[PDB]
Amino acid sequence: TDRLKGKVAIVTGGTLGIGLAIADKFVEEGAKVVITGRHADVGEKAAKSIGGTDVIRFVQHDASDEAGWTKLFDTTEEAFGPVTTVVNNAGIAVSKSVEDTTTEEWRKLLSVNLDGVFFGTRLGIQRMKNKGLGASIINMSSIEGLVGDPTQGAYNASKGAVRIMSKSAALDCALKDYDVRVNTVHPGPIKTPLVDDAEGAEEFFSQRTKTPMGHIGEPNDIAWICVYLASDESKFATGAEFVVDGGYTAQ
Amino acid sequence: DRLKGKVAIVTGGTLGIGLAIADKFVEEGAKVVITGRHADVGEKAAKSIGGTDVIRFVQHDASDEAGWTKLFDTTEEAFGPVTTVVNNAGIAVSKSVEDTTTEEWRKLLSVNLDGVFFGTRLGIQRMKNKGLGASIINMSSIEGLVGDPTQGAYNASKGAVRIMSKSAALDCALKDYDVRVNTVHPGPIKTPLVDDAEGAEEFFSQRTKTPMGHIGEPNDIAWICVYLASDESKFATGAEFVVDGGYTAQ
Amino acid sequence: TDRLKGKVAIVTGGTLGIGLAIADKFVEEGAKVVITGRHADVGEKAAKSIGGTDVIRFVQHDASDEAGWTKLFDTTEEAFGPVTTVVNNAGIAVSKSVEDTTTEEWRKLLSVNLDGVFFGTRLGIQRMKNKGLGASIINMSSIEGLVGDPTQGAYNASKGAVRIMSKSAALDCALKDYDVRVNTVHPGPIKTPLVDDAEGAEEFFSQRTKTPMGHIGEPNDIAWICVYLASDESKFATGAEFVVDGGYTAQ
Amino acid sequence: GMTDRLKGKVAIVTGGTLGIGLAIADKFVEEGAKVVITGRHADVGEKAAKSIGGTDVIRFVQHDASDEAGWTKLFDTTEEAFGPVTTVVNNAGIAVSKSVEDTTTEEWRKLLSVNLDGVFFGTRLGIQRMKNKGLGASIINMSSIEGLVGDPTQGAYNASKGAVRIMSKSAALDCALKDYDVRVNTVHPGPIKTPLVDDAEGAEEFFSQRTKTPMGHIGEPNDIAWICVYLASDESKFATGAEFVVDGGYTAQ
Ligand SMILES: NC(=O)c1ccc[n+]([C@@H]2O[C@H](COP(=O)([O-])OP(=O)(O)OC[C@H]3O[C@@H](n4cnc5c(N)ncnc54)[C@H](OP(=O)(O)O)[C@@H]3O)[C@@H](O)[C@H]2O)c1
Ligand SMILES: NC(=O)c1ccc[n+]([C@@H]2O[C@H](COP(=O)([O-])OP(=O)(O)OC[C@H]3O[C@@H](n4cnc5c(N)ncnc54)[C@H](OP(=O)(O)O)[C@@H]3O)[C@@H](O)[C@H]2O)c1
Ligand SMILES: NC(=O)c1ccc[n+]([C@@H]2O[C@H](COP(=O)([O-])OP(=O)(O)OC[C@H]3O[C@@H](n4cnc5c(N)ncnc54)[C@H](OP(=O)(O)O)[C@@H]3O)[C@@H](O)[C@H]2O)c1
Ligand SMILES: NC(=O)c1ccc[n+]([C@@H]2O[C@H](COP(=O)([O-])OP(=O)(O)OC[C@H]3O[C@@H](n4cnc5c(N)ncnc54)[C@H](OP(=O)(O)O)[C@@H]3O)[C@@H](O)[C@H]2O)c1
Ligand SMILES: [Mg+2]
Ligand SMILES: [Mg+2]
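## As for the overall build of chain D
Argument step 1. Counting its regular elements, chain D contains eight helices and seven strands.
Argument step 2. Its C-alpha atoms give chain D a radius of gyration of 17 Å, within 12% of the compact-globule value 18 Å for 253 residues.
Argument step 3. In terms of overall dimensions, chain D has C-alpha extents of about 45 × 40 × 35 Å along its principal axes.

This is the structure:
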């Protein structure tokens, strides 16, 4: 009945919001999980809120830190065995149009939202290919990887990059019989610290012209689609886009 | 227990993909009515999954508009109010657009398009505003996303199902109907549809078609339908769920 | 330079709106054109509003009438020579949700919007293949073949069918070296009698939350993308979706 | 038609000295535009410009699209030659034949500096310089079929072209909502016979397979030039935020 029995997952940015719920439901379904974040304070309380060191641990790591990724995999391996699942969830937002984006804002967002996903995906492939683990890489895009937003230009670029880079990775792993799948998840608006800290964002995005359901989602909405994609239930799904958005992109 | 309390109709549930959707729906607590055109096959399919306390066969052609109300009525009497409709019944025709006879055109669309419309329309009418966490799952295909030179009418039917389903999803969402509508897009799946087409599995296992080098199995489509039928997916509507071994990613 | 020199086009529903502008710009660029429509009064006016019978003629033909398609082609070939271009433009709308759509309404719309495009595409391929014509079939879909509309359920079905069926036809023609291309055009809202007759449609579609440009298009907006698709300029374009919609589907 | 379709337009075409960009510049001049082409190598660029016309209609400017400060000089130079810029074709791009697994971090950053940062610099500057001027301005960003589907041996390239695809929609929406009179669209060529393809041994043969390109051959630069003329002209005044795919059927299957 444990849908993730034997799986061991790295969830970047798993200390708040969507990443927190992903790790929560991963542990509930039998996986061992390492959550990462930049603030060690909020991190280990997040992990303790889910369970003990036998099922979940916290490793301080900036997803843009290339070298840290090797240590992150090493640490997770020593803790729970070989890594089977990578959720590249860490990401940041910038409320600027393309016109108004400074080059510093552009580079900073892309180093987390794109370079970090690249680092996790590249290393994930190298470290789990050809081990018969039913391995799965889950890259967090967004509906902003599918449609534009006039005030999120850099974010749009990063999530569109993640969308298609993930298909390249999925195809290579499939053609080479690596036993690694790569898919992208595309949440619509979700009630998280990111949305909560943007004044009026939930009210704006609950407009029926934005989200037809008339409300935004909860972090568990994204957690459950990630459980499906991490499990061997989805052993035929690779290179695909999984959209959980209240109908946002359907109009 | 992921479908606790759900009551599902699965059209074309006696073979292939539909049979596996029924199997896993029962396994997760749903009560299920499967349909098909042949009573022999249907009764054997239903008892192969469980007793009449959890699964039953109803003879119904999905293109039979009048039978759709009877089918809901029969399911409601057995199991209570329907919460879940899987419009899975469909047929194929191996013909290019150029070579498609109008008889073949009309016949395939009457099942693959008209039947999905009948089930979706009736499902909205019978499930809205009842707090059932209702979910309509419309079986499209990768052939609703990309073309196939020798499947012209099938392509037409599956593209229609893809976009019509978004219309329904939006209307239900904007009206607070408590009904979600999504489409599932399988790649090649080992089923009687594929088994009885000589050479098909060998053809579609080519890496230029399916990058995984093999075709899927009916349970690959059952598990995404379980997700879509369950309250776990309460924020998913109007979306396309593609399970295809990488077919459309290249 | 006539960008459609020597072309011979059938434009269904070419007496009003988008079809009328398509025929107008086709003859301006050197094509000979036959436009069809059901009302002979409007249709005769439209032809001579554009040119003489040496460049354009009107044929009364219902696009849903399968037998008339053979005589429409026959009549066009006898008038101007072998057809090189079919734009399947005739179409109707029904303002009903899926839930509210009667089977009568469903069947009427699809008979024109889908069956008619099928009849013209199937016969277009048969009559134009293997003739060195640089043949081009332009099937009029819509943004409603890309996104849903809660109050145009049958219309959504018809335009999604046109979108993907055309890909099948394009692939078959290209793999068999037929020298026929097949593409779909997806207008956003366009000021036409179809839109004018629906009360409030222009105002609804001009909202920025619908069309970001804040206004709807004009028939010439679709005529010019069709000239591109009918001309040999587009000899490498097949199986593709050409979206002219004021940004409607980009958000 | 009887009129120059780009009469009065002033276009910057990055990477306009070879291949697709060279053909865009050539057909732009044919349709009445004044054009500045860029590239990193002045030997190629000066010959490319003269191969199309005199300095009254086309000029070369040496500029690496990844060089942000040079973008300002490039617009200044173009304005001084021809007046206000109306059309920006972000075409400069490079390829790297590596899977995601096999991509070195320096390969990643180098390709994205050109294919992504350069398109961002040109789009941002283009909006700033062309907005609110009544020019019928148009920004054409060169994506690829590889911004629509994956390629197992072009991981960084895929990332860059997916980014260009969606970043362009953001810009199109902002320009439209603000009445800037600037449209932004992406072009998605399939395989095209260019020096880029010519220098990758076996690439044309591979992409000519029917399982890749259903027409059984790859395109030619003029195929992309003509859709760019359409997008640059006022003919396309209602087209923004959209993807224009000219690929021989590659993505239709
Ligand atoms: N919420 C939405 O509406 C929504 C919609 C679509 C997509 N998404 C995507 O979903 C993902 C999660 O978003 P969220 O809304 O849950 O964000 P959130 O509530 O702000 O949480 C982000 C998490 O990522 C961590 N993080 C941020 N930068 C990091 C870095 N450089 N290295 C490592 N960890 C980092 C944060 O921890 P520290 O602050 O301690 O680093 C935090 O745990 C993001 O990729 C976002 O783009 C969100
Ligand atoms: N297999 C694939 O590779 C694949 C891929 C993508 C999508 N799909 C789609 O998935 C669905 C299931 O396909 P499958 O491969 O499982 O097909 P299958 O093995 O041929 O099974 C078809 C099922 O539908 C029933 N059926 C056929 N016509 C019907 C009608 N008019 N009314 C009611 N029931 C009918 C059949 O029972 P009776 O014959 O007794 O009626 C049978 O139970 C179809 O919509 C198909 O288009 C399949
Ligand atoms: N206008 C828009 O906003 C818009 C947007 C996206 C797509 N479209 C599509 O563009 C196409 C043209 O639309 P429009 O707005 O130009 O329409 P319109 O103004 O209503 O004109 C439609 C034309 O088609 C003819 N027609 C209608 N039914 C026909 C039939 N069964 N057989 C032959 N001809 C027929 C009409 O003449 P008779 O009445 O005399 O037959 C008329 O000439 C349609 O496919 C529509 O779905 C329109
Ligand atoms: N060929 C295809 O099949 C194909 C398909 C889809 C998309 N594309 C895209 O189309 C665009 C043009 O490709 P192509 O095949 O024509 O390439 P190409 O034959 O290699 O020509 C590239 C042009 O860009 C210039 N260039 C390269 N790097 C540059 C930089 N950093 N700054 C400024 N200019 C630079 C080159 O000149 P210098 O080297 O002298 O700078 C040359 O003028 C690229 O974005 C490519 O990704 C091509
Ligand atoms: Mg939208
Ligand atoms: Mg493909």
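## Some points on the pattern of salt bridges
Argument step 1. For the structure shown, the criterion picks out 70 salt bridges over all chains.
Argument step 2. Salt-bridge contacts for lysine 131 of chain D lead to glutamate 99 of chain A; the nearest nitrogen and oxygen are separated by 2.6 Å. One end of the pair, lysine 131 of chain D, is in the loop between helix 4 (105–130) and strand 5 (137–142); the other, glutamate 99 of chain A, is in the loop between strand 4 (85–88) and helix 4 (103–128), on a second chain.
Argument step 3. On the basis of relative accessibility, which here comes to 9%, the residue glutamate 99 of chain A falls in the buried class.

## A short note on helix 1 (residues 19–30) of chain D
All names here are of chain D.
Argument step 1. Here helix 1 contains twelve residues, and its C-alpha end-to-end distance of 17 Å stays within 8% of the 16 Å for a straight helix at 1.5 Å per residue.
Argument step 2. Of all twelve residues in helix 1, nine are buried; the element is thus mostly enclosed.
Argument step 3. Buried within helix 1 we find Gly19, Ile20, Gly21, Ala23, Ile24, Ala25, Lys27, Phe28 and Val29.
Argument step 4. Immediately beyond the C-terminal end of helix 1, within one or two residues, lies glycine 32, with a positive phi of roughly 95 degrees.

## Considering the coordination of the magnesium ion (ligand 6)
Argument step 1. Around the magnesium ion (ligand 6), the protein contributes the donor atoms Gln250 of chain B (O) and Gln253 of chain D (O), which lie 2.1 Å from the metal centre. Taken as a pair, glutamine 250 of chain B in the segment after strand 7 (240–243) and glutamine 253 of chain D in the segment after strand 7 (243–246) lie in two separate chains rather than in one. The same class applies to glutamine 250 of chain B as to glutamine 253 of chain D, namely buried.

## Focus on the packing of helix 1 (residues 17–28) of chain A against helix 2 (residues 40–50) of chain A
Residues and elements named next belong to chain A.
Argument step 1. Two elements in contact, helix 1 and helix 2, have axes whose closest approach is 10 Å; the angle formed by their N-to-C orientations is 35 degrees. Note that helix 1 runs across helix 2; the crossing there is right-handed. Judged by residue contacts, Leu20, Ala23, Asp24 and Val27 of helix 1 engage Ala46, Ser49 and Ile50 from helix 2.
Argument step 2. Taken together, the residues of the contact of helix 1 with helix 2 sort by class into five nonpolar, one polar and one charged.

## A short note on the site of ligand 3
All names here are of chain C.
Argument step 1. The local shell around ligand 3 holds 29 residues, among which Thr15, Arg38, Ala63, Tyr155 and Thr192 are the closest.
Argument step 2. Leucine 16 has a polar backbone atom sitting 3.3 Å from an oxygen atom of ligand 3.
Argument step 3. For ligand 3, a nitrogen atom lies 2.8 Å from a polar atom in the side chain of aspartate 62.
Argument step 4. For ligand 3, whose free accessible area comes to 890 Å², the fraction covered by protein is 94%.

## Comments concerning the site of ligand 1
Residues and elements named next belong to chain A.
Argument step 1. What surrounds ligand 1 is a group of 29 residues, the closest being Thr15, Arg38, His39, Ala63 and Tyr155.
Argument step 2. At a separation of 2.9 Å, a nitrogen atom of ligand 1 approaches a polar side-chain atom of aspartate 62.
Argument step 3. Take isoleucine 190: an N or O atom from its main chain is 2.9 Å from an oxygen atom of ligand 1.
Argument step 4. The fraction of the free accessible surface of ligand 1 (890 Å²) that becomes covered by protein chains is 92%.
Argument step 5. For the shell around ligand 1, the elements supplying multiple residues, two or more each, are helix 1, helix 5 (153–175) and helix 6 (193–196).

## Description of the sheet that holds strand 7 (residues 241–244) of chain A
All names here are of chain A.
Argument step 1. Strand order in the open sheet made by the seven strands is 3-2-1-4-5-6-7, with parallel pairing throughout. This sheet does not close on itself; its edge strands, each paired only once, are strand 3 (56–60) and strand 7. In this sheet, neighbouring strand axes are inclined to one another by 20 degrees on average, regardless of whether the strands run parallel or antiparallel.
Argument step 2. As judged from the four bridges shared by strand 6 (residues 180–187) and strand 7, these two strands associate in the parallel manner. Pairing of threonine 184 across the sheet is with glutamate 241, part of strand 7.
Argument step 3. Docked against the sheet, helix 8 (residues 219–230) engages strand 4, strand 5 (135–140), strand 6 and strand 7, running at close to 165 degrees with respect to strand 6.

## Examining the UniProt feature "binding site: Mg(2+)" in chain A
Argument step 1. Following the UniProt record, the feature "binding site: Mg(2+)" maps to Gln251 of chain A here.
Argument step 2. The contacts of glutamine 251 of chain A, once residues within four sequence positions are left out, are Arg208, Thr209, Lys210 and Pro212 of chain A, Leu170 of chain B together with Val147, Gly148 and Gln251 of chain C.
Argument step 3. Here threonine 209 of chain A takes part through its backbone oxygen, which lies 3.2 Å from a polar atom of the side chain of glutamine 251 of chain A.

## Thoughts on the sheet that holds strand 2 (residues 34–39) of chain D
Residue and element names in this part refer to chain D.
Argument step 1. Ordered by their spatial adjacency, seven strands build an open sheet running 3-2-1-4-5-6-7, and the pairing between neighbours is parallel. Pairing within the sheet leaves two strands with one partner each, and these edge strands are strand 3 (58–62) and strand 7. On average, each strand axis in the sheet is inclined to that of its neighbour by 20 degrees, with strand direction left out of account.
Argument step 2. In this structure, strand 6 (residues 182–189) lies alongside strand 7, joined through four bridges in parallel fashion. For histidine 188, the partnering residue across the bridge sits in strand 7 and is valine 245.

## Remarks on the pairing of strand 3 of chain D
Argument step 1. Across five bridges, the pairing between strand 2 of chain D and strand 3 of chain D is parallel. Paired with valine 36 of chain D across the two strands is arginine 59 of chain D, which belongs to strand 3 of chain D.

## Re the state of the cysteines
Argument step 1. Going through the model one piece at a time under the given rule, you end up with zero disulfides over all chains.
Argument step 2. Looking at the unpaired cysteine 173 of chain C, the closest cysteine sulfur is the one in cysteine 226 of chain C, lying at 18 Å.

## Some remarks on the interface of chain D and chain C
Argument step 1. If you look at the interface, chain D gives 38 residues, while chain C gives 39 residues.
Argument step 2. Here chain D and chain C share an interface that buries about 3300 Å² over both sides, 61% of which is from carbon and sulfur atoms.
Argument step 3. Per-residue buried area on chain D facing chain C is highest for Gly1, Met215 and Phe238 of chain D; these three make up 23% of the total on that side.
Argument step 4. Where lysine 235 of chain C meets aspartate 223 of chain D, a salt bridge forms, and the shortest distance between an N and an O atom there is 2.9 Å.
Argument step 5. Between chain D and chain C we count 13 residue pairs in polar contact in total.

## A few points about the side chain of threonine 121 of chain C
Argument step 1. Here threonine 121 of chain C shows up in helix 4 (residues 103–128).
Argument step 2. Using a relative accessible area of 0% as the deciding quantity, one classes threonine 121 of chain C as buried.
Argument step 3. A polar atom in the side chain of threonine 121 of chain C sits 3.3 Å from the side chain of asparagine 88 of chain C.
Argument step 4. For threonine 121 of chain C, the side chain forms a polar contact with the side chain of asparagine 139 of chain C, separated by 3.2 Å.
Argument step 5. Apart from residues no more than four positions distant in its own chain, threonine 121 of chain C is found in contact with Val97 of chain B together with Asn88, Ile137, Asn139, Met165 and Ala169 of chain C.

## Section: unusual backbone geometry
All names here are of chain C.
Argument step 1. In this structure, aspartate 177 is a non-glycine residue whose phi angle is positive, near 55 degrees.
Argument step 2. Mapped onto the elements of the fold, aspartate 177 is located in the loop between helix 5 (153–175) and strand 6 (180–187).
Argument step 3. With a relative accessible area of 48%, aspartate 177 lands in the partly exposed category.

## Comments concerning the coordination of the magnesium ion (ligand 5)
Ideal geometry at a metal gives 109.5 degrees between four tetrahedral donors and either 90 or 180 degrees between six octahedral ones.
Argument step 1. Distances from the magnesium ion (ligand 5) to its protein donors, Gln251 of chain A (O) and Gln251 of chain C (O), fall within 2.1 to 2.2 Å. Placement of the pair is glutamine 251 of chain A in the segment after strand 7 and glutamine 251 of chain C in the segment after strand 7 (241–244), with the two residues belonging to separate chains. Per residue, the accessibility class of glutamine 251 of chain A equals that of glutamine 251 of chain C, and both read buried.

## Describing the UniProt feature "active site" in chain A
Residues and elements named next belong to chain A.
Argument step 1. UniProt annotation of "active site" refers to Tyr155 when read in the numbering used here.
Argument step 2. Structurally, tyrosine 155 is set in helix 5.
Argument step 3. For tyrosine 155, a relative accessible area of 14% corresponds to the buried category.
Argument step 4. Ignoring anything within four residues of it in the chain, the contact list for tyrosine 155 reads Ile92, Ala93, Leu109, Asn113, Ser142 and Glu144.

## Observations regarding the UniProt feature "active site" in chain D
Residues and elements named next belong to chain D.
Argument step 1. The sites that carry the UniProt feature "active site" are, in the present numbering, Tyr157.
Argument step 2. Of note, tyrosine 157 is situated in helix 5 (residues 155–177).
Argument step 3. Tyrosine 157 sits in the buried class, given a relative accessible area of 13%.
Argument step 4. Residues contacting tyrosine 157, with those up to four places away along its chain left out, are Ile94, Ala95, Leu111, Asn115, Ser144 and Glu146.

## As for the nonpolar core
Argument step 1. The biggest cluster of nonpolar side chains holds 89 residues, and the ones touching the most others in it are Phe26 and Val33 of chain A together with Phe25 and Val32 of chain B.
Argument step 2. Ignoring any residue separated from it by four or fewer positions in sequence, one finds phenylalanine 25 of chain B in contact with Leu3, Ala8, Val10, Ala30, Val32, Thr84, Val86, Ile137, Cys225, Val226 and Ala229 of chain B.
Argument step 3. Listed in part, the 81 residues of the second largest apolar core include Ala21, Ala31 and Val244 of chain C together with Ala239 of chain D.

The rules we used
Residues numbered from 1 in each chain as written, not as in the entry; some residues may be left out. Chains lettered and ligands numbered in written order. Heavy atoms only, no water. Residues with missing side-chain atoms left out of burial classes, pairs and counts. Helix = DSSP H or I, 4+ residues; strand = E, 2+ residues; numbered from the N terminus. Rg over C-alpha atoms; globule rule 2.2 N^0.38 Å. Salt bridge = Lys/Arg side-chain N within 4 Å of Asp/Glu carboxyl O. Buried < 20%, exposed > 50% of the residue type's maximum accessible area, 1.4 Å probe, protein only. Expected span 1.5 Å × (residues − 1). Donors = N, O, S within 2.8 Å, 3.2 Å for Na, K, Ca; no water. Axes fitted to C-alpha atoms, helices over the stretch in contact; angles between N-to-C directions. Left-handed = near helix turned anticlockwise from the far one by under 90°. Contact = heavy atoms within 4.5 Å. Nonpolar A, V, L, I, M, F, W, Y, C, P; charged D, E, K, R; others polar. Near = heavy atom within 4 Å. Polar contact = N/O pair within 3.5 Å; in protein donor to acceptor, adjacent residues only side chain to side chain. Areas by Shrake-Rupley, 256 points an atom, 1.4 Å probe, with all protein chains shown as cover. Pairing = 2+ DSSP bridges. UniProt positions renumbered as here; feature names shortened; annotations may be inferred. Disulfide = S-S within 2.5 Å. Buried area = accessible area lost by both parts, 1.4 Å probe. Core = buried A, V, L, I, M, F, W, Y, C linked by side-chain atoms within 4.5 Å.

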